[PDB]
Amino acid sequence: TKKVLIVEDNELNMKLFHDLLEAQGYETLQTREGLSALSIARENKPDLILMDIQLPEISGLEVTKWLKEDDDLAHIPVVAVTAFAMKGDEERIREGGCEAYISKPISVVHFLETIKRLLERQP
């Protein structure tokens with residue numbers, strides 16, 4: 001089954017993301033920290049990574065940079081979850097290597113539409 005790795009420190013947000021993805025038939029891999037996310041990405045090879053940019057210990061953008069600088073993980077689409085989504089933030093996130101972004105408060109339909117598009121489109 002296709003798997004989504006969720007990197008989120010907030011319990012409530014992690015639960016919302018898990019429930020929404022599970023409902024679409026996807027399996028999930030979960031972690032609260034950036035470094036751990038890299039470990040899971042290499043070992044479990046997720047099909048998509050949902051990364052909260054505002055983690056307590058590190059910027060999600062720095063974790064994304066590590067992901068894109070590793071040719072074993074670079075192909076995995078990264079969807080950013082952020083509290084700041086002004087035009088300027090949108091551009092910084094794109095430059096950072098994120099394939100898409102979800103702003104807070106989360107629009108569930110946009111979230112699902114985005115993840116389904118990236119997970120199911122044929123290469």
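For the range 26-123, what is the relative contact order in percent, using Cα pairs closer than 8 Å and at least 6 residues apart in sequence?
Relative contact order comes out at 24 percent.
How big is the antiparallel share of DSSP beta bridges in the chain, given as a percent to the nearest 5?
About 5 percent, rounded to the nearest 5.
What is the total of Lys pairs in the chain with C-alpha atoms under 20 Å apart, excluding same-chain pairs fewer than 8 positions apart?
14
For the chain, restrict the atom set to alpha-carbon positions and state the Rg and Dmax in Å.
Cα-based Rg and Dmax for the chain come out at 13.0, 36 Å.
All of the numbers you see were taken from the coordinates with simple rules; none came from a lab.
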